[PDB]
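Each chain gets a letter, A, B and so on, in the order the sequences are listed, and its residues count up from 1. Computation of the quantities below employed the complete heavy-atom set of this structure, encompassing side-chain atoms and omitting hydrogens, waters and symmetry-equivalent molecules.
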Amino acid sequence: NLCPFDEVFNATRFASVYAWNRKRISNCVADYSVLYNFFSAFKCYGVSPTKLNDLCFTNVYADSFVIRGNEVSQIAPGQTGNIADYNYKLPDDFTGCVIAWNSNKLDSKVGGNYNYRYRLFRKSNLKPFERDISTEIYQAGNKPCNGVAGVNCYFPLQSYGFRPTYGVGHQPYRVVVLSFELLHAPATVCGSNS
Amino acid sequence: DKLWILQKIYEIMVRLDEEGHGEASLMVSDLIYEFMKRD
């Protein structure tokens with residue numbers, strides 16, 4: 001009855017950031033103290049991962065996606081940028097954990113890996129935890145686009161095209177965001193020292 | 001108008017990707033974001 005954190009972090013495929021994946025984790029016990037080694041880079045904005053083993057929650061959500069290394073700093077409360085605004089947005093009062101690690105050897109390809117995309121145009125910023133997977137042509141001018149890309153009519157998603165020779169700031173990073181939900185319901189996700 | 005220079009910048013981004021300059025295409029992408037974020 002252990003929590004399936006292994007299927008989250010060590011998964012073969014990761015989603016694009018514009019279509020970020022959400023895995024609801026419930027009805028299990030997890031050892032959050034071992035998450036300092038679950039290569040990595042992690043920061044919890046609430047209590048420490050040690051205190052997480054003492055607490056229980058109704059549901060734990062794991063969000064995962066791939067972005068550039070220089071964009072990981074946007075996966076934090078109070079951030080703005082292309083990713084925060086148009087792709088994945090954390091609330092200002094976020095108290096979960098953000099975990100990211102370089103995935104160059106898995107997600108880069110000679111000639112370019114064009115699977116991973118991000119949204120470059122949007123008419124308004126995302127609300128926290130909003131997801132937008134639409135592919136409507138963005139009309140940048142006053143002339144209609146009639147559903148086809150052209151002058152001032154841009155396909156809203158852009159590919160990263162990851163290549164192994166990119167600088168580290170441009171290499172792909174797999175990111176996992178853990179949010180801890182306490183509802184007025186049985187807290188079915190507990191830690192080790194609970 | 002902002003529309004002409006935006007189109008030209010966008011075309012440089014596309015051309016860079018077609019010619020294999022993917023990393024430089026990403027940097028031009030960041031310029032597009034910052035430009036449209038303005039007034």
Is the number of heavy atoms from other residues, nucleotides or ligands within 6.0 Å of [atom1] ([X]) greater than 12?
| X | atom1 | result |
| --- | --- | --- |
| A:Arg22 | CZ | yes |
| B:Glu34 | CD | no |
| B:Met27 | CE | no |
| A:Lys109 | NZ | no |

How long is the span from the [atom1] atom in [X] to the [atom2] atom in [Y], to the nearest 0.5 Å?
| X | Y | atom1 | atom2 | result |
| --- | --- | --- | --- | --- |
| B:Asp17 | B:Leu26 | CG | CG | 8.5 Å |
| A:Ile75 | A:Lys43 | CD1 | NZ | 13.5 Å |
| A:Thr188 | A:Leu183 | OG1 | CG | 12.0 Å |
| A:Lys89 | A:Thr80 | NZ | OG1 | 7.0 Å |
| A:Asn193 | A:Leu55 | CG | CG | 10.5 Å |
| B:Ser29 | B:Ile9 | OG | CD1 | 11.5 Å |

Can [Y] be reached from [X] by stepping across I, L, V, M, F, W or Y side chains whose heavy atoms are under 4.5 Å apart?
| X | Y | answer |
| --- | --- | --- |
| A:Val151 | B:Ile12 | no |
| B:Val28 | A:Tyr116 | yes |
| A:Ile83 | A:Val168 | yes |
| B:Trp4 | B:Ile32 | yes |
| A:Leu106 | A:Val176 | no |

Could you tell me if the side chain of [Y] sits less than 4.5 Å from the side chain of [X], heavy atoms only?
| X | Y | result |
| --- | --- | --- |
| A:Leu90 | A:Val98 | yes |
| A:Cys3 | A:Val60 | no |
| A:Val110 | A:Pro164 | yes |
| A:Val8 | A:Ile25 | yes |
| A:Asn87 | A:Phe65 | no |

- Could you tell me whether A:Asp107 and A:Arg174 make a salt bridge, using a distance below 4.0 angstrom between a side-chain N and a carboxylate O? yes
- Item | Test: A:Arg68 and B:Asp30 ion pair at under 4.0 Å | yes
Examine distances only and state if a side-chain atom of [X] and a backbone atom of [Y] form a donor-acceptor pair shorter than 3.5 Å.
| X | Y | answer |
| --- | --- | --- |
| A:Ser103 | A:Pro172 | yes |
| A:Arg122 | A:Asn125 | yes |
| A:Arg131 | A:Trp20 | yes |
| A:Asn152 | A:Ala140 | no |
| A:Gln74 | A:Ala84 | yes |
| A:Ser159 | A:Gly161 | yes |

Do you know which two heavy atoms are closest between [X] and [Y], and how far apart they sit?
| X | Y | answer |
| --- | --- | --- |
| A:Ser26 | A:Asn59 | CB-OD1, 3.3 Å |
| A:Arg163 | A:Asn104 | O-OD1, 3.9 Å |
| A:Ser73 | A:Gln79 | O-CG, 3.4 Å |
| A:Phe42 | A:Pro49 | CE1-CG, 3.9 Å |
| A:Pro77 | A:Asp92 | CB-O, 3.5 Å |

- Message: Applying ring pair (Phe, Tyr, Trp, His ring centres under 6.0 Å), can you list everything that pairs with A:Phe57, at least two apart in sequence or on another chain?
- Response: A:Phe180
- Message: Could you go through A:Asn113 and A:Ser108, starting from their C-alpha distance and side-chain angles, then the distance that decides it, and tell me whether this counts as side chain to side chain contact (heavy atoms under 4.5 Å, CB included)?
- Response: CA-CA 6 Å; A:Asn113 180 10; A:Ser108 293; 5.8 Å; no
- Indicate whether the side chain of A:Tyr160 and that of A:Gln171 have a donor and an acceptor atom separated by less than 3.5 Å. no
- Query: Is there a donor-acceptor contact under 3.5 Å linking the side chains of A:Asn82 and A:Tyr118?
  - Reply: no
- Residues joined to A:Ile137 in its hydrophobic cluster, side chain to side chain under 4.5 Å directly or through other members, sorted by chain and number, are A:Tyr18, A:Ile133, A:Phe155, A:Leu157
- Message: Checking B:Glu18 now: which residues fulfil salt bridge (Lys or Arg N to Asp or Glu O under 4.0 Å) with it, not counting sequence neighbours?
- Response: none
- Identify, with sequence neighbours excluded, every residue that meets salt bridge (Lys or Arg N to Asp or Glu O under 4.0 Å) alongside B:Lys8. B:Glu11
- Message: Test: ring-ring contact (aromatic ring centres under 6.0 Å, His included). Region: residues 20-39 of chain B. Which pairs qualify, not counting sequence neighbours?
- Response: A:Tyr86-B:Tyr33
- Among A:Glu181, A:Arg24, A:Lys23, which one satisfies side chain to side chain donor-acceptor pair (under 3.5 Å) with A:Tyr61? A:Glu181
- Between A:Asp85 and B:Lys37, does a side chain to side chain contact (heavy atoms under 4.5 Å, CB included) hold up when you go through it step by step? CA-CA 10 Å; A:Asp85 296 2; B:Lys37 207 65 182 180; 2.8 Å; yes
- Message: A:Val29 vs A:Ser194, test: side chain to side chain contact (heavy atoms under 4.5 Å, CB included). Steps then yes/no.
- Response: CA-CA 9 Å; A:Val29 186; A:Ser194 180; over 6 Å; no
- Pairs meeting criterion side-chain hydrogen bond (donor to acceptor under 3.5 Å, both in side chains) with involvement of residues 133-145 of chain A, two or more places apart: A:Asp132-A:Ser134
- Over 60° means perpendicular and under 30° means parallel, so classify the ring planes of A:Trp101 and A:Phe14, tilted if in between. perpendicular
- Classify the angle between the aromatic ring planes of A:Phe129 and A:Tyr88 as parallel (below 30°), tilted (30 to 60°) or perpendicular (above 60°). perpendicular
